[PDB]
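Taking it in order: structure first as C-alpha cells, then the write-up.
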Amino acid sequence: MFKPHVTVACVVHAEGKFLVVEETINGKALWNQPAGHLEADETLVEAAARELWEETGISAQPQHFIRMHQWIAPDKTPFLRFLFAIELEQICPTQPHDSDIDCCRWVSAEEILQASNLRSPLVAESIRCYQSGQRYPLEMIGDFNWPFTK
Ligand SMILES: [Mn+2]
Ligand SMILES: [Mn+2]
C-alpha cells in the first residue's frame with residue numbers, strides 16, 4: 001500500500017534575497033530551500049517550521065502557502081512537496097543545527113535560477129512560483145480536529 005514521501009519547503013525572502021542551504025551531496029555542494037520530511041504527529045506547517053530551525057536556526061512560522069509539487073525524482077523516489085513563504089524585514093543571522101548543512105547563503109532570485117548546483121529542479125521552480133505573486137492561506141492544507149496542542 002503506497003504512501004509517498006512528504007516534505008515541506010520554505011521560500012524565505014529578505015532585502016531582495018532568498019535563503020538557501022548548502023548540503024554536500026556525494027562530493028559536491030548543492031543548494032536547496034530549507035526543506036525536509038514530515039514526521040509523526042506533526043502539521044505540515046509545524047514541519048516547515050521545524051526543518052527551518054534545524055537547517056538554518058531561523059525561528060519563524062511559515063506565513064502563506066505558495067503551492068505543492070508532486071514529482072517523481074531521478075531515482076524514482078515519489079514526493080509531495082509543500083512550499084511556503086516567509087517575509088522578514090531584514091536579513092537575520094543564521095546557524096544550522098544539523099550536520100547535513102554546510103551553511104546558509106542569502107542569494108538573488110537570478111542566482112538561484114541560473115545555478116548549476118541546485119539539489120533538485122524544484123529549487124528553481126520554487127523561485128518561479130514565488131515571483132508569480134502566488135500565495136494562499138495556510139488554512140489551505142491545515143489540520144482538522146487535531147489530537148495535539150499547537
Ligand atoms: Mn532537514
Ligand atoms: Mn528531516
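In the C-alpha cells, chains take letters A, B, ... by order of appearance, with residues numbered from 1 within each chain and ligands from 1 in the order shown.
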Given a cut-off of 9 Å, what residues near ligand 1 show up using only C-alpha atoms and all ligand atoms, put as a ChimeraX atom specification? /A:34-37,50-52,54-55,98,100-101
Test item: residues at most 8 Å from residue 11 in chain A, only C-alpha atoms, excluding those fewer than 6 positions along its chain, as a PDB file with N, CA and C atoms, in the first residue's frame:
ATOM      1  N   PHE A  18      16.964  35.492  -1.283  1.00  0.00           N
ATOM      2  CA  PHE A  18      16.336  34.302  -0.787  1.00  0.00           C
ATOM      3  C   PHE A  18      17.366  33.484  -0.061  1.00  0.00           C
ATOM      4  N   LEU A  19      16.902  32.751   0.947  1.00  0.00           N
ATOM      5  CA  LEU A  19      17.752  31.933   1.789  1.00  0.00           C
ATOM      6  C   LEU A  19      17.894  30.553   1.200  1.00  0.00           C
ATOM      7  N   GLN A  33      16.117  24.998  -0.817  1.00  0.00           N
ATOM      8  CA  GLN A  33      15.357  25.699   0.208  1.00  0.00           C
ATOM      9  C   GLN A  33      15.623  24.988   1.521  1.00  0.00           C
ATOM     10  N   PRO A  34      15.460  25.687   2.656  1.00  0.00           N
ATOM     11  CA  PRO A  34      15.334  24.963   3.935  1.00  0.00           C
ATOM     12  C   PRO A  34      14.117  24.094   3.803  1.00  0.00           C
ATOM     13  N   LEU A  83       5.200  23.818  -0.283  1.00  0.00           N
ATOM     14  CA  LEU A  83       6.002  25.040  -0.391  1.00  0.00           C
ATOM     15  C   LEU A  83       5.378  26.257   0.285  1.00  0.00           C
ATOM     16  N   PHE A  84       6.177  26.950   1.093  1.00  0.00           N
ATOM     17  CA  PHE A  84       5.712  28.043   1.932  1.00  0.00           C
ATOM     18  C   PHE A  84       6.536  29.315   1.804  1.00  0.00           C
ATOM     19  N   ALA A  85       6.022  30.408   2.340  1.00  0.00           N
ATOM     20  CA  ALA A  85       6.638  31.692   2.173  1.00  0.00           C
ATOM     21  C   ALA A  85       6.670  32.404   3.518  1.00  0.00           C
ATOM     22  N   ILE A  86       7.778  33.076   3.763  1.00  0.00           N
ATOM     23  CA  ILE A  86       8.021  33.855   4.935  1.00  0.00           C
ATOM     24  C   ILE A  86       8.741  35.093   4.426  1.00  0.00           C
ATOM     25  N   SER A 126      10.570  26.688  -7.390  1.00  0.00           N
ATOM     26  CA  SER A 126      10.104  27.311  -6.176  1.00  0.00           C
ATOM     27  C   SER A 126      10.226  28.826  -6.267  1.00  0.00           C
ATOM     28  N   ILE A 127      11.292  29.307  -6.909  1.00  0.00           N
ATOM     29  CA  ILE A 127      11.503  30.736  -7.002  1.00  0.00           C
ATOM     30  C   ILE A 127      10.468  31.286  -8.014  1.00  0.00           C
ATOM     31  N   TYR A 130       7.255  31.531  -6.433  1.00  0.00           N
ATOM     32  CA  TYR A 130       7.309  32.716  -5.582  1.00  0.00           C
ATOM     33  C   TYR A 130       7.063  34.015  -6.342  1.00  0.00           C
TER      34      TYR A 130
END
Contacts of range 42-45 of chain A within 12 Å, only C-alpha atoms, excl. fewer than 5 positions in-chain, as a ChimeraX atom specification: /A:6-10,35-37,50-52,60-65,68,80-86,137-150
Nearby residues (only C-alpha atoms) at most 8 Å from range 88-90 of chain A, same-chain spacing under 4 positions excluded, as a PyMOL selection string: chain A and resi 12-15
For those residues, write N, CA, C and O atoms to a file as a PDB file, in the first residue's frame.
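For reference, again27.pdb as written:
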ATOM      1  N   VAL A  12      12.344  31.778   1.869  1.00  0.00           N
ATOM      2  CA  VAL A  12      12.476  32.809   2.869  1.00  0.00           C
ATOM      3  C   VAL A  12      13.106  33.987   2.210  1.00  0.00           C
ATOM      4  O   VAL A  12      14.151  33.837   1.601  1.00  0.00           O
ATOM      5  N   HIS A  13      12.495  35.159   2.322  1.00  0.00           N
ATOM      6  CA  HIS A  13      12.813  36.342   1.449  1.00  0.00           C
ATOM      7  C   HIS A  13      13.013  37.593   2.284  1.00  0.00           C
ATOM      8  O   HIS A  13      12.291  37.825   3.212  1.00  0.00           O
ATOM      9  N   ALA A  14      14.029  38.373   1.959  1.00  0.00           N
ATOM     10  CA  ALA A  14      14.509  39.437   2.820  1.00  0.00           C
ATOM     11  C   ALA A  14      15.547  40.270   2.074  1.00  0.00           C
ATOM     12  O   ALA A  14      16.505  39.745   1.491  1.00  0.00           O
ATOM     13  N   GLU A  15      15.331  41.574   2.067  1.00  0.00           N
ATOM     14  CA  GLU A  15      16.233  42.501   1.394  1.00  0.00           C
ATOM     15  C   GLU A  15      16.567  42.054  -0.031  1.00  0.00           C
ATOM     16  O   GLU A  15      17.712  42.149  -0.457  1.00  0.00           O
TER      17      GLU A  15
END
Considering only C-alpha atoms, return as a list in words whatever protein or nucleic-acid residues lie within 9 Å of residue 102 in chain A, sequence-local ones (same chain, fewer than 2 positions apart) excluded.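 Close residues of residue 102 in chain A: residues 21, 22, 23, 24, 29, 96, 98, 99, 100 and 104 of chain A.
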Using DSSP on the backbone coordinates, identify the residues of range 21-86 of chain A assigned to strand (DSSP E or B); present them as an MDAnalysis selection string. chainID A and resid 21:25 28:32 35:37 64:71 79:86
Using only C-alpha atoms, please write the residues we just selected to a file, as a tab-separated table (two decimals), in the first residue's frame.
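Below you can see result.tsv, which holds the result:
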chain	number	residue	atom	x	y	z
A	21	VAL	CA	21.04	25.91	2.34
A	22	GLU	CA	24.30	24.30	1.10
A	23	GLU	CA	24.43	20.47	1.51
A	24	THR	CA	27.33	18.39	0.29
A	25	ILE	CA	25.79	15.60	-1.64
A	28	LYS	CA	29.57	18.34	-4.35
A	29	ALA	CA	27.83	21.24	-2.61
A	30	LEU	CA	24.19	21.70	-3.68
A	31	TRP	CA	21.62	24.45	-2.97
A	32	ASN	CA	18.13	23.91	-1.55
A	35	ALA	CA	13.29	21.82	3.49
A	36	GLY	CA	12.69	18.30	4.71
A	37	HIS	CA	10.44	15.38	5.54
A	64	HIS	CA	1.48	31.60	3.46
A	65	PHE	CA	1.14	28.51	1.38
A	66	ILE	CA	2.66	29.02	-2.02
A	67	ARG	CA	1.83	25.70	-3.63
A	68	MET	CA	2.57	21.96	-3.61
A	69	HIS	CA	4.50	19.97	-6.19
A	70	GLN	CA	4.05	16.24	-6.86
A	71	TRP	CA	7.21	14.92	-8.54
A	79	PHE	CA	7.37	13.21	-3.45
A	80	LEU	CA	4.57	15.53	-2.28
A	81	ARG	CA	6.49	18.73	-1.60
A	82	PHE	CA	4.72	21.53	0.29
A	83	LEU	CA	6.00	25.04	-0.39
A	84	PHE	CA	5.71	28.04	1.93
A	85	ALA	CA	6.64	31.69	2.17
A	86	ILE	CA	8.02	33.86	4.93
Run DSSP on the backbone and give me the residues of range 21-150 of chain A it puts in helix (DSSP H, G or I), as an MDAnalysis selection string. chainID A and resid 44:56 109:113 122:132 138:140
Could you dump the residues just selected with C-alpha atoms as a PDB file, in the first residue's frame?
ATOM      1  CA  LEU A  44       2.859  20.365   7.622  1.00  0.00           C
ATOM      2  CA  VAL A  45       3.258  23.875   8.956  1.00  0.00           C
ATOM      3  CA  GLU A  46       4.960  22.694  12.185  1.00  0.00           C
ATOM      4  CA  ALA A  47       7.162  20.517   9.961  1.00  0.00           C
ATOM      5  CA  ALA A  48       8.127  23.545   7.803  1.00  0.00           C
ATOM      6  CA  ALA A  49       8.865  25.489  10.947  1.00  0.00           C
ATOM      7  CA  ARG A  50      10.951  22.642  12.376  1.00  0.00           C
ATOM      8  CA  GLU A  51      13.042  21.953   9.296  1.00  0.00           C
ATOM      9  CA  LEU A  52      13.719  25.668   9.027  1.00  0.00           C
ATOM     10  CA  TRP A  53      15.051  25.839  12.603  1.00  0.00           C
ATOM     11  CA  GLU A  54      17.072  22.636  12.060  1.00  0.00           C
ATOM     12  CA  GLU A  55      18.632  23.617   8.740  1.00  0.00           C
ATOM     13  CA  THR A  56      19.245  27.308   9.414  1.00  0.00           C
ATOM     14  CA  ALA A 109      16.487  35.054  -7.461  1.00  0.00           C
ATOM     15  CA  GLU A 110      18.504  35.230 -10.682  1.00  0.00           C
ATOM     16  CA  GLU A 111      21.348  33.482  -8.940  1.00  0.00           C
ATOM     17  CA  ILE A 112      19.027  30.681  -7.995  1.00  0.00           C
ATOM     18  CA  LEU A 113      17.533  30.359 -11.427  1.00  0.00           C
ATOM     19  CA  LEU A 122      12.198  22.146  -7.721  1.00  0.00           C
ATOM     20  CA  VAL A 123      14.563  24.641  -6.089  1.00  0.00           C
ATOM     21  CA  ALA A 124      14.427  26.899  -9.151  1.00  0.00           C
ATOM     22  CA  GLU A 125      10.708  26.290  -9.762  1.00  0.00           C
ATOM     23  CA  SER A 126      10.104  27.311  -6.176  1.00  0.00           C
ATOM     24  CA  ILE A 127      11.503  30.736  -7.002  1.00  0.00           C
ATOM     25  CA  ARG A 128       9.318  30.948 -10.112  1.00  0.00           C
ATOM     26  CA  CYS A 129       6.183  30.164  -8.115  1.00  0.00           C
ATOM     27  CA  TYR A 130       7.309  32.716  -5.582  1.00  0.00           C
ATOM     28  CA  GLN A 131       7.781  35.505  -8.092  1.00  0.00           C
ATOM     29  CA  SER A 132       4.447  34.954  -9.821  1.00  0.00           C
ATOM     30  CA  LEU A 138      -2.036  28.220   5.469  1.00  0.00           C
ATOM     31  CA  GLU A 139      -5.582  27.049   6.181  1.00  0.00           C
ATOM     32  CA  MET A 140      -5.444  25.563   2.611  1.00  0.00           C
TER      33      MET A 140
END
Atom-to-atom span, CA of residue 38 in chain A and CA of residue 73 in chain A, Å: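 Distance reported for this atom pair: 17.4 Å.
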Which residue out of A:74, A:87, A:17, A:97 has the minimum interatomic distance to ligand 2 when only C-alpha atoms and all ligand atoms are used?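 Residue with the minimum atom-to-atom distance to ligand 2: A:97.
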Compare A:40, A:1, A:118, A:92 by their minimum atom-to-atom distance to ligand 2, counting only C-alpha atoms and all ligand atoms, and give me the closest one. A:40
Pairwise distance for CA of residue 103 in chain A and CA of residue 58 in chain A, rounded to one decimal in Å: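 Between CA of residue 103 in chain A and CA of residue 58 in chain A the gap works out to 12.6 Å.
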